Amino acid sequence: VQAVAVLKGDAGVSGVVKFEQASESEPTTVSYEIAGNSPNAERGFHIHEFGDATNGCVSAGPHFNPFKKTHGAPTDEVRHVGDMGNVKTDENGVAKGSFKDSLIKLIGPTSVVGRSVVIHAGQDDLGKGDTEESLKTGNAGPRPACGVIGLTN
């Protein structure tokens, strides 16, 4: 199964995120190329619950969290399903990379097809700050771009 999200917004940030998963038990490979970010930075990257673009990136809602856990890093046990951590941008502000994840799925009751990917304007603190807010969003800040995850071939 393959899926893709095209990230768009009004702030100069844009990109493509591709997902591939062969079967339900297998990890999903996530690959991305995002440009227009601050150079040499770490930026929060997550799957949000809704694929609703009627009000910019706001209507994407909270981090996708079917299991009602707190925000964490992708390697934490306690993490939202949608937590993909920070992506690193190079000196031209481009973030490009790929990783495998075993909580994100394109198949089955937790499928992220039809939901949204959001790239943030700030660094995700990976649920390690103080605030209650660190345990909800990682204090990653505004959402300059986002896209609905759709099926492809």
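For every residue, the number given is its place in the sequence shown, counted from 1.
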Mean C-alpha temperature factor, higher of 32 to 40 and 112 to 120
32 to 40
Taking the recorded C-alpha temperature factors, which stretch has the higher mean, 131 to 139 or 16 to 24?
131 to 139
Selection by C-alpha B-factor (highest) of 51, 85, 66, 56
56
Thinking about Cα B factors across the chain, which third does residue 126 belong to?
highest
